[PDB]
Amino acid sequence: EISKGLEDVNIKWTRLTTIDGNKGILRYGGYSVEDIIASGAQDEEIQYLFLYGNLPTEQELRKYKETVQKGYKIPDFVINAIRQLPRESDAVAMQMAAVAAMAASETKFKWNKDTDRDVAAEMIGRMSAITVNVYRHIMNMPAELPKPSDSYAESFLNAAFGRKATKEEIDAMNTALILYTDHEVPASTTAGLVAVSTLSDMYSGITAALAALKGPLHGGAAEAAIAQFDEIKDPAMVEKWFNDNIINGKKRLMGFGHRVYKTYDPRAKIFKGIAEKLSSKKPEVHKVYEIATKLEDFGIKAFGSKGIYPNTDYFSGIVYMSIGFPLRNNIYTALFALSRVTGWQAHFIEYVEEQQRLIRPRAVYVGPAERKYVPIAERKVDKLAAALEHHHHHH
């Protein structure tokens, strides 16, 4: 029997994350994300939580931040690994090309309990520097690096855009990084787990994670929802669009439904609120929000009874857009990777350090039976010669 999609197959144990799909609770190391955000946590604290297993003291957090900020400095050839690419490239593909360059140069990486967390921490800073430069390259802006500031989110926004971000923007970006840190074991995490299962380096693990994330069944989810709202164009048209395209089944309602949440995504609940506030000050963005909420009611009424509700990516694009990030080049998917790099590395360490096993699944053979090899010369037989071979005079 084939375990299609490895669905319901346990690839590892984890301490990091758990989801209650029926109550809609997402917990990091035991802490609910709703509680984390309501308490005003820094994303750095949640990074620390993932890498160390507990929330940091003030001093620990102070030290952790220093280590992360070392990653703000990346070599020029890593930057050039981005900028030498056609500007049309997917943003996540750009991230992949840079980390692959980085994976190649990191010849002194070793899996080691003494250094794994520092390596990962600095890499989270490098991921900010990379993402900043992916964005600038896509926008035909000069290269630049993140610099230390009061928050990791602020350092990222300010360098990405080359301006001082508002407190509200910084806060929204801080929440986004926290909300996308980890979630079960999707295809990106899984691909990375497979790579490090060979004891390949952390960077290659991330590289493989990005390769899976590039696909439209994993990446592009936040962009798809926006494209859907833009397709509707006007709020008065929502029901007509909803009828012509969703109810009769011509296309899927983007940003609805989930493999685990049979209720409202806790991440979506949080993003919706932020989306309302931030978009309210940008007339063009607020319109997208109004289209989104109007569509939301039609979706819940139609699909709510079948456990199909808004997921995290229904409103996340609107939040990113309010902050200042455009739809093009799947930039939102790159923002997802900036966040998810913490979960990825945390899972890789957990795997390699405490439950290491070479990953090597099977395939069921359903091909041709054994047959003798026929040299190319005798493969296309001359019809006339063949027919004449065992022929005799017959008239």
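The numbering used is simple: start at 1 and walk along the sequence shown.
Here the stretch with the larger average CA B-factor, out of 385-393 and 4-12, is 385-393. Higher mean CA temperature factor between 231-239 and 132-140: 231-239, per the PDB entry. The residue among 117, 301, 218, 83 whose C-alpha carries the highest B-factor in the deposited model is 301. The entry assigns its greatest Cα B factor, within the set 71, 257, 205, 75, to 257. The deposited CA B-factor of residue 58 belongs to the highest third of values across its chain.
In the deposited entry, the Cα temperature factor of residue 200 places it in the lowest third of its chain's modelled residues. Among the modelled residues of the chain, residue 353 sits in the middle third by CA temperature factor in this PDB entry. Residue-level temperature factors show residue 364 in the middle third of its chain, judged at the C-alpha atom. Residue 166: CA B factor in the highest third of modelled residues in this chain (values from the PDB entry).
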